[PDB]
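Residue strings, one per chain:
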Amino acid sequence: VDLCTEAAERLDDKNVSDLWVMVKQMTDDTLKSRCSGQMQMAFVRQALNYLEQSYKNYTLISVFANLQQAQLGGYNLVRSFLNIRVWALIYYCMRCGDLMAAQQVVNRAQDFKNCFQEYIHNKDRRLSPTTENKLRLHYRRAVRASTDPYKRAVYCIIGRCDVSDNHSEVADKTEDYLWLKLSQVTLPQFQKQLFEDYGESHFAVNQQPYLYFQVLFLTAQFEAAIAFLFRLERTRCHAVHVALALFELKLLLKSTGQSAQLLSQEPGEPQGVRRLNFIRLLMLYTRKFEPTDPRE
Amino acid sequence: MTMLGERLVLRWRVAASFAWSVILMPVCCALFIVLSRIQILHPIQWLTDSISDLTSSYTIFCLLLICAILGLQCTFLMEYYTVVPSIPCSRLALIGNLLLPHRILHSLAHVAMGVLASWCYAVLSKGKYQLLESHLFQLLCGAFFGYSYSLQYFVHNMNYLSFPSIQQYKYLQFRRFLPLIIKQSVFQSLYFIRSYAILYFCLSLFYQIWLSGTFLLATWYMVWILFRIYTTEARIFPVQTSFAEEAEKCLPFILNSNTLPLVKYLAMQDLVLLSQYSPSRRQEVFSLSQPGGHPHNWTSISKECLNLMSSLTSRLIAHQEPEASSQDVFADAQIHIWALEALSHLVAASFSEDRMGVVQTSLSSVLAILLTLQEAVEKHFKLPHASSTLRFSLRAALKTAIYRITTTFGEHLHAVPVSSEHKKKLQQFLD
Amino acid sequence: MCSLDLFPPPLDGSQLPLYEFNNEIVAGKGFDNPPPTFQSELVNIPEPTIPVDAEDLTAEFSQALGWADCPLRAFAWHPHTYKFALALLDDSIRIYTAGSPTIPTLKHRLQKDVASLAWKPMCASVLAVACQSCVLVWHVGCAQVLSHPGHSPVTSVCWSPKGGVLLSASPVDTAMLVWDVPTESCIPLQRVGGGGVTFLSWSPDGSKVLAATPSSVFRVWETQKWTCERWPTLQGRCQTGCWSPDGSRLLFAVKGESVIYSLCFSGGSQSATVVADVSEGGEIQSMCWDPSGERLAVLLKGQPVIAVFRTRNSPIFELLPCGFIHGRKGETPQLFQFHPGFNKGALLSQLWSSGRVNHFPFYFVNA
C-alpha cells in the first residue's frame, strides 16, 4: 500500500492519487473474513470516514473560494456554507461528516437528553428498554409527511426507516445517496441493489470509473471493484497491485477452477460473494509484457 | 523606480539635517570669536571688537569654508552611513577594517578638512597665529584631530544610525543630544590635545588650540547627530495604494523588494507602529485584494517575517554548532523579535477582529514554525556556554507572543489542527 | 461627581465593619457572627495574625504606605482560588490557601526588599515576586531568577492575565522589562522622557497598560504591538491606576490631588473627567474595584480609611457614596485587594499595619 501510494504521488495522476488514498483508507478463509459482521462494520465506518472528510474538504474549498459571500468569521463553517448554499444546519453538517457540530446545533435548540446521547454518542446499555420502535412510529405518523425535507431525512437517518425515500430534496450527490443509505444499514440487500439493481449504466462509469469503484469497494465487494476496474485499460496495473495487496492481506477471494471467467460466484456462498482467479489474473496481465521485460 | 524616490527623499533629508547644521554654524563661529579673545576686565571693548571682527570679511570667508567642510561631512554621512553596526570580531579584523582604501581616503579627507578648519580658527584667532612656529603647530593639531575623528567614528561605529525606539520631535531629540555632544567634544579635545602635545614633543597657545579642537569636534558631532536624527525620520508607507503605480511605494513591496536597507528598517519600524496603533491600515492588511479575495497584504507581510525568522533560526542552529558565535548567531534577532510580537498579537486579536477569518486560513501554519523555532532554541540553549542583545529579545518576544496568542484563543485553539508535538508544547504554555 | 460628603458617617471607634448587607455597612462588635444564612458559607480564607516581632525607591514607590514598618509588605490574591501570598517584613514570602494548614514559604538568596507579588493567571503554581535586584519566579531549586541589567530596584511586576508574559518595571530604567519566564528572557521597551517606570497595570482583558512614572507623565500601552499614547498633562505623578472590571474605564489619581479621574477607553478620550472627589479624604493612595463592577474600595490616606462606593455603569458611570471601612483603634489600612473570584458577591481582604488580615464581604443580596 505505502509503496504503491508513494509511486502514485510520484506518478502525478489526480484520480489515481484519490483512489490510492482510498485504497489505504479502506484497507485499515478470506471468504469468511470478508463476510463477518465486524468486518462489514469496519469497511463501512471506514468509507463513511472517507466520505465525511471528502465533503468536509468540499466545504473548505467552497467557503475559501466564496469568502466574500461567506462572512466566514475568525458551527461557523457550516453557517458560512449555508449562506453560499434547524434541520438544515444538522443536515448539511452531517453531510460534511462532522457529527459533533450538528450535536452542538441540536444542543442549542433542544428523558429525551439521555435518549439523544444514546442516539449519537452514549452507549446507553439498558435493561428491558425499547428503542427505535417509538421513533419510527412517530416518524411514520407525522414526520413522514412533514414539509421539512431536512427534518424527514434526519428522521430516516436516526430511526433506520423509510429506506425507500431518496430524500433527494436534501441529497443531490451520489456522495449523499451513499452516505444516507449506508447510515440506514441488510448488507447483502443493498449490495445487490447497488450492484444488480443499479448496475453499471446507472453509475455511468464511462466517465467516473473511479466512482463506480468507490461504490463497490466501499461496500466490501472487493472482487467486484477489482473486476470492474480491471475491464478498464488505464486501470489495469493498479487493480493488479490492489489485488495483490488483498491477497496477502487474506482479503481477496480466489476462484477455485482455472478456466473460470475472471469474476465468479460460487454456489452456496452467502449472496454477493464473488471470486477471482488471482493466478489467471496475473497470468493474463503479465502476458502482454513477458516477451519484453522478462525480469518483470 | 523606488530606489530613485528613496534616494531623492534621502538627499532631501540630508538637506533638512545639514540645513539645521548650516543654520547652526554661525552662532558657533561667534561663540568661538568671543571665547578666543576673552577680556575679563574689558567686556564691552572685547565684545565690540568681536562684533566688528564678526562683520569683517575674513570672518565671512572662514564661515563659508566651514560650511563647505560641513557639506562634505553631510555627504560623508550620506555615503558611508550604516544600518547594521560594524563589529570587529577579532583585533586583526579591526586593523584590517581601518586599512581599507575607501576608509583611508575618508581619513585623509577628515585630516585635510581639519587642517582647513584649524587654519580658519587661527585666522579667526587674530594675533600671532595669523600668518605662517605656533601656527604650524595649530595646523598639525587640526590635522591630527581630523584623523582621530575618523578613527573614532570607525571604532565606536558612530556611522551606525540607531533607529529611535521612541519617535520624538526633532527639536527635542536635538536638545537632548546637545549636552552629551558638547561634553564629548570638550573631553575629546582635551585628550587629543594631550596626545598631540606628546607627539609633537617626540617628533595662550594651549588654550587657543584646545578651543579650536573643541569647536571642530563639536561641529562634527552636531553634523553626525543631525544627520542621524533627520535621516532616521520615520515615514509611513501607505499599505495599499489607490493606484498600482504607488504599489512599489507601499510597505508590502518596499519590504519585499531589494531597495536600500535603510528603507527596509524604516518600513519595519513603520509597520510595527501601524500594527501597534493604526487600526485602519491593519484592516487594509487583512483586506481581500480584489479581484481574487486574497489577503495579499497580510500574506506578503507575514511571509517576509517568517522568512527572516527561519533564516535566523538556521543561523542560530548553525553558529551554535564559541561564545562570540552564539552571541552573533542572534545579533540580527531584533527584527525577528519585532515581527514575532506583532504577528502573534495580531493573531491573538484575530479571535475577535478579522470578521472574514482571513488569518484563520494560516493559523495552523504559524503554530508549526513557533514550535519548530522553539525546539531549535531549546537545543540552542542546550549547548554549554550558550546559556550563560537581540538574542534574548527574540527569545522573550517569541515566548511572550506565543503566550499571548494562546491565552487569547483560549479553548477554541483546542479545535485548531496542530502537530501533536506542537500540541504538547501548546498545552505546556497554556498551563 | 462623587464627594466624600454623601457617605454615611464612618463606623464609630468601637465598631468594626463586618460585611455589606443590603447596601448598608453593617457594624459588628467582633463577635456578632454574620447572619446564619451567611456563616455556613464563609469560605475560611486564612485570617492570619503575623506578629511583626517574629530600598528608598522601593519604599516610596511600593504599593504599601508603610512598607518600612508593616510586616505585610505586599499582598496578592490568585486569579482563580482562595490562594493568596503575603510578603513578610524579612522578605520571606508566605502563601496562605483557604482550606490548608500548610504555609508555603519561599525565600531566595535574591529576596531583598520585595516590592510586589503577582500570581500568574490561569495557573496556581507560578508566583512572580519582585526583588531588589531581580524577579524570583517562584514555582509553587524552585526559584527561577530572572534578571535584566539596569532593571533594578524592581518596583512593579505583573503577570498578564494571559499567564504567558510578565512585565517588570524600574524607576531608574527608562525601558520597561518584558519577561518570558520559560525562555528566561528579558526584552527592553524603551521610552523617551519621564524617567523610570514605577507602576504597571495591564487592562482587565489585555489591551491597555497604564504605566505611571516618577515624573508627571502617564502612558497607555495598547498590547497588540505595544503602542504608546502619552498623557503628559498630569500636574504630578500618578499615584495609582484602577481599570474597570470591563477595562474601558481606567480610574486614576494624581498624588497631591484628591480626585478620581475616569479615563473612558471608548485612542482614549484625550482628557480625564473628574468622577469622585475624595477631597478631605486627603491623598488617594490606593483604589480597587470589585471584579463585578458594582463595588469599589478606594484607599484614602489622610486614620487611613477605605472609601467603599457602589458604582452605576448606566446610563452615566458615576460614583455613589456607600460607606467607610475602617480598622480598629491604631489599625491603619495598609493594603487591600478584592478577591477575584468570590462567588457570592465581593470579598475584600484588608491587611492592616499590625499584619492582621481581615476579610470583609459585600453581599450582593438580591431584593
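Up top is the structure.
The present account deals with the structure reproduced in this document. (Residues numbered from 1 in each chain as written, not as in the entry; some residues may be left out. Chains lettered and ligands numbered in written order. Part of a larger assembly, values for the part shown. Heavy atoms only, no water. Residues with missing side-chain atoms left out of burial classes, pairs and counts.)

1. Examining the overall build of chain B
- Of the regular secondary structure elements, chain B holds 17 helices and zero strands.
- Its C-alpha radius of gyration of 28 Å places chain B more than 25% over the 22 Å reference for a compact globule of 431 residues.
- For the C-alpha atoms alone, the extent of chain B along its principal axes is close to 85 × 55 × 40 Å. (Helix = DSSP H or I, 4+ residues; strand = E, 2+ residues; numbered from the N terminus. Rg over C-alpha atoms; globule rule 2.2 N^0.38 Å.)

2. Here we look at the overall build of chain A
- Helices and strands together make up the secondary structure of chain A, namely 17 helices and two strands.
- Judged by the C-alpha coordinates and their principal axes, chain A covers about 70 × 50 × 35 Å.

3. What to know about the pairing of strand β17 (residues 209–212) of chain C
All names here are of chain C.
- Note that strand β16 (residues 199–202) and β17 share four bridges and pair antiparallel. Residue pairing across strands places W202 opposite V209, the latter belonging to β17.
- The antiparallel pairing of β16 with β17 creates a hairpin that spans six residues between the two strands, and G206 there sits at a positive phi of about 110 degrees.
- When β17 meets strand β18 (residues 218–222), the two strands line up antiparallel, connected through three bridges. Following the sheet pairing, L210 is matched in β18 by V220.
- Here β17 folds back onto β18 in antiparallel fashion, the turn holding five residues. (Pairing = 2+ DSSP bridges.)

4. Digging into the sheet that holds strand β24 (residues 283–289) of chain C
Residues and elements named next belong to chain C.
- Across the sheet, four strands lie side by side as β24-β25-β26-β27; this open sheet has antiparallel pairing. Two strands lie at the open edges of the sheet, namely β24 and β27 (318–325), each paired on one side alone. Taking the axes of each pair of neighbouring strands and ignoring which way they run, one obtains an average angle of 30 degrees across the sheet.
- The pairing of strand β26 (residues 305–312) with β27 spans seven bridges and is antiparallel. Paired with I306 across the bridge in β27 is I325. (Axes fitted to C-alpha atoms, helices over the stretch in contact; angles between N-to-C directions.)

5. Here we look at the interface of chain B and chain A
- With six residues of chain B in contact, the opposing surface of chain A contributes four residues.
- Residue composition of the side of chain B that touches chain A, grouped by class: one nonpolar, three polar and two charged. (Contact = heavy atoms within 4.5 Å. Nonpolar A, V, L, I, M, F, W, Y, C, P; charged D, E, K, R; others polar.)

6. Things to note about the packing of helix α5 (residues 101–124) of chain B against helix α6 (residues 134–155) of chain B
Residue and element names in this part refer to chain B.
- Contact geometry of α5 with α6 gives a least axis separation of 7 Å together with a crossing angle of 145 degrees. The handedness of the crossing between α5 and α6 is right-handed. Counted together, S107, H110, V111, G114, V115 and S118 of α5 and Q138, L139, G142, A143, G146, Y147 and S150 of α6 form the full contact between these two elements.
- Class assignment for the residues of the contact of α5 with α6 results in five nonpolar, eight polar and no charged. (Left-handed = near helix turned anticlockwise from the far one by under 90°.)

7. Observations regarding the interface of chain B and chain C
- Counting residues at the interface gives 16 residues for chain B and 18 residues for chain C.
- Every element with two or more residues in the side of chain B that touches chain C is listed here: α10 (261–277), α14 (333–350) and α16 (390–409) of chain B.
- At eight residues, α16(B) tops the list of elements feeding residues into the side of chain B that touches chain C.
- When grouped by side-chain class, the residues that make up the side of chain B that touches chain C number six nonpolar, seven polar and three charged.

8. Focus on the packing of helix α7 (residues 170–202) of chain B against helix α8 (residues 205–231) of chain B
Residue and element names in this part refer to chain B.
- The geometry of α7 relative to α8 is characterised by a closest axis approach of 8 Å and an angle of 140 degrees between their N-to-C directions. Looking at the two axes, α7 sits oblique to α8. In the crossing of α7 with α8, the sense of the turn from one axis to the other is right-handed. Residues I181, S185 and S189 of α7 form the contact with α8, whose own contacting residues are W210, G213, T214, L217, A218 and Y221.
- A class-by-class count of the residues in the contact of α7 with α8 yields five nonpolar, four polar and no charged. (Parallel < 35°, antiparallel > 145°, perpendicular 65-115°, else oblique.)

9. Details of the sheet that holds strand β7 (residues 105–106) of chain C
Residue and element names in this part refer to chain C.
- One open sheet accounts for four strands, arranged β4-β5-β6-β7; its pairing is antiparallel. On the outer flanks of this sheet lie β4 (75–77) and β7, each paired with one strand and no other.
- Inspection of the sheet shows β4 paired to strand β5 (residues 83–87) by three bridges, in the antiparallel sense. Pairing of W77 across the sheet is with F84, part of β5.

10. A closer look at the arrangement of the chains
- With two pairs of chains in contact overall, the greatest share of contacts is found between chains B and C.
- The least C-alpha distance between chain A and chain C, which are not in contact, is 17 Å.

11. Points about unusual backbone geometry
- For the peptide bond that leads from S152(C) to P153(C), omega is 0 degrees, which places it in the cis range.
- By secondary structure assignment, the location of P153(C) is in the loop between β11 (143–146) and β12 (156–159).
- The peptide bond linking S314(C) to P315(C) adopts the cis configuration, its omega dihedral lying at 0 degrees.
- Looking at the secondary structure, you find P315(C) in the loop between β26 and β27.
- Positive phi, close to 65 degrees, is recorded for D124(A), a residue that is not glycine.

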